């Protein structure tokens, strides 16, 4: 089965550089083209680049005309986006995706094969701010009880929350993090359960913050 | 420079028909199979129709039997794919591939048996 | 490329139609993709009208004059998403602005929860009070904080989840941020949620 796995995102100062990877598997890498499409936070899709390694065709959107270079390594089935001279406007989730090798040749009023498989995205954030890991305080429980976890003052995005290391899927709301006036991010994650269970059921929330290599596990008990 | 060139694709209503042509260069009697493959978004490139050059025997994928016809013209080194009764599931880029090393006929419809390929001609079958 | 319904709200079972106009004058067949909030977008229709493999039959595309349309014949709750059309000019691929698709449904009131600031957060000088609005519709709602019945301003922030995949309701949290100084100078902490013709207040007393 085919998959496109991405790596190399993160935070970088303005003007700095960074190189993303798109590691392909499950198909002959030569018979296809690889595209990079990015998404600024809460904005649309921007196509940006593609390569077909076996004919070393490359093309570039105007908005990243001279700063970005796409390349590929058929030996290891990987495409690269080398980005230089990074501005804040380049902050986005960066997706890679597969098309036909000769898509430009094929394009017409009646044909467009689109892009069929996509990678998961890797977030690159461009700022001067520095990496800070979150603090985690409980939202302790009071018919049905509601408890949670506050994830305060971290940078950069993202953070992932789970409950009972994935064993508690149902009734979970993890909210979009919000940017506070301190320039750090804050979000909350909450669960509802039977109030009939707080006496017996222990609830841990599992907060991962890969950009700072930190994961906090916190049970939430009822205040007395 | 040995190379292949498809042509003849377009858009077609279901039930309609279309005829693709592939033209080879170099010297053409060394080839021993000409075949048509097709590739659709998210799906593997699949053998549709192979032609053994030196006896004219043809081999068809079960999904195109009786609707499609692969034929030749040594006078021109042009192979053709008459496609009849087209249906939307035939929508794909259609490629022409050639080999000059002999492979046993059970492998005639296999992608791996073919050294070189055209860039393809697109076919869209849609209401 | 201008897609015309920039945003859109419709009920389950409805038939929905988004339009996409070619930008160039050399027409280019359109692909359409579905994207759920912060996930990789998924292909739906290619070559203007070809249904991508695996995509349910309720999706379809075609041309309308010199433009293209996408149609969901029977809108389903999992279908809330942003929908993008896609073109090729000449070695350039461009996407359209996107069309956001919201499910419409019957009114639902939230279950309101208020959470005091934790003891370990207070030890560090700041108090976060959080108000939770669970499983409501529609998403518009004035949530308001009160401290000894004094309305607050400029110290709150909200964020809502996206629609639940099976029942189409939102959830909201509002965090009131105070200094441990000011939190312990006051007693009654309340958050009020007004939806049309009702306001519901949940509160706690710092000496619980």
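Bear in mind these aren't lab numbers, they're just calculated from the coordinates by the rules spelled out. Here the Cβ is made from the backbone with ideal geometry for all residues, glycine too, and neighbour counts use every protein chain on show.
Below, the figures for the structure above:
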item	result
Nearest-0.05 FRET efficiency for residue B:5 and residue C:194, computed from C-beta distance (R0 60 Å)	0.30
Cα gyration tensor category, rounded, prolate or oblate, for the protein assembly as shown with a/c compared to 1.5	prolate
For the stretch C:1-135, radius of gyration divided by Kirkwood radius, i.e. Rg to Rh on alpha-carbons	1.19
Three-way shape label, chain A, alpha-carbon gyration tensor, a/c 1.5	prolate
Rounded Å value of the spacing that divides the Cα centres of the stretch C:166-201 and the stretch A:45-115	46 Å
Sorted peptide list for A:94-102, C:21-29, criterion being average Cβ within 10 angstrom, highest first	A:94-102, C:21-29
Residues A:109, B:36 arranged by fewest to most Cβ contacts within 10 Å	A:109, B:36
Evaluated over the stretch C:111-205, the Cα radius of gyration and Dmax, each in Å	13.9, 44
Two-site label geometry, residue C:71 and residue C:14: point separation in nm, points 7 Å out along Cα→Cβ	1.7 nm
Number of partner chain Cβ atoms within 10 Å, mean per residue of A:45-56	2
Near-label residues of the stretch C:3-43 by backbone N, under 12 Å of a point 7 Å along Cα→Cβ of residue C:165	C:36-37
Sorted by Cβ neighbour density within 10 Å, fewest at the top, the residues A:192, B:55	B:55, A:192
Rel. contact order, % - alpha carbon contacts under 8 angstrom, at least six apart, chain B	37 percent
10 Å Cβ neighbours from other chains, averaged over peptide C:117-123	4
Residue order, fewest to most surrounding Cβ atoms within 10 angstrom, among C:106, B:53	C:106, B:53
Averaged over A:183-191, number of beta-carbon atoms from partner chains that fall within 10 Å	3
Rg and Dmax of the stretch A:135-219, Cα atoms only, in Å	13.1, 40
Global geometry of chain B, whether rounded, prolate or oblate, following the gyration tensor of its Cα atoms and the 1.5 cut on a/c	prolate
For the stretch C:111-205: relative contact order, % (alpha-carbon pairs under 8 angstrom, 6 or more apart)	34 percent
Residue C:179/residue A:167 FRET efficiency (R0 35 Å; Cβ-Cβ; nearest 0.05)	0.40
